[PDB]
Amino acid sequence: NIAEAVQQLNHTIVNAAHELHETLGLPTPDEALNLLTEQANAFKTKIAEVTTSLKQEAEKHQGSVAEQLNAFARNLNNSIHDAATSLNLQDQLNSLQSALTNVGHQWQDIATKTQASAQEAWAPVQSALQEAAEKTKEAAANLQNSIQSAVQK
């Protein structure tokens with residue numbers, strides 16, 4: 128189930144990243160920079176939301192799942208914090224593209240983990256993980272919609 132969610136996330140992310148490159152076709156090298164920074168911030172905002180809600184969840188469980196859950200969240204947060212920092216279009220673009228890529232990889236990691244647990248250890252936090260995956264997918268679809276609408280007018 129998570130597997131699915133996570134698979135759908137990936138596709139989303141992959142595409143979104145492709146589009147990032149079309150920000151370069153914008154009128155000014157300034158317009159785009161502002162656009163990007165904005166988008167990056169919107170994303171960052173959302174990913175951090177998830178991180179916080181998953182941290183909360185972890186607080187309710189025992190064992191290594193809770194540990195690992197809290198960890199995942201922390202990590203998601205680390206791959207985004209510094210993504211709208213660069214002072215130029217170039218670095219900005221690189222930064223976002225990476226940030227996006229790292230969020231996807233981290234999602235795959237945790238998905239695989241849950242899958243490899245024969246004792247079904249992750250079952251107890253499945254809903255939370257799923258919702259979070261959805262929220263991440265939306266953030267990335269939203270971003271894409273933006274890079275798209277700003278390149279059609």
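My numbering numbers the first residue of the sequence shown as 128 and each following residue consecutively.
Even for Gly, the Cβ is constructed at its ideal location relative to N, Cα and C.
- Judged by beta-carbon spacing, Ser-273 lies within the 7 angstroms limit of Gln-166, meaning their Cβ atoms are closer than that value.
- By alpha-carbon distance to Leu-162, the top candidate from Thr-172, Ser-254, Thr-150 is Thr-150.
- Annotation: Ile-207 is outside any alpha helix (DSSP H) and is labelled neither H nor E by DSSP.
- Around the CB of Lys-171, 16 or more other CB atoms lie within 10 Å, so the residue is classed as buried.
- Across the structure, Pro-251 and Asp-157 are spaced so that their CA atoms are roughly 47 angstroms apart.
- Here the region 134-148 makes contact with the region 259-276; the two share three or more CB pairs at distances below 8 angstroms.
- Taking C-beta separations shorter than 8 angstroms and ignoring five residues to either side along the sequence, the partners of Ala-130 in its chain run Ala-238, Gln-242, following chain order.
- In the three-state scheme derived from DSSP, where H, G and I count as helix and E and B as strand, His-145 is classed as helix.
- For the pair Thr-155 and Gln-279, the Cα-to-Cα distance works out to about 15 angstroms.
- Below 8 angstroms, too few C-beta pairs join the region 176-186 and the region 220-235 to call them touching: fewer than three.
- In summary, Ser-244 is exposed, with fewer than 16 beta-carbon neighbours lying within 10 Å of its beta-carbon over all protein chains present.
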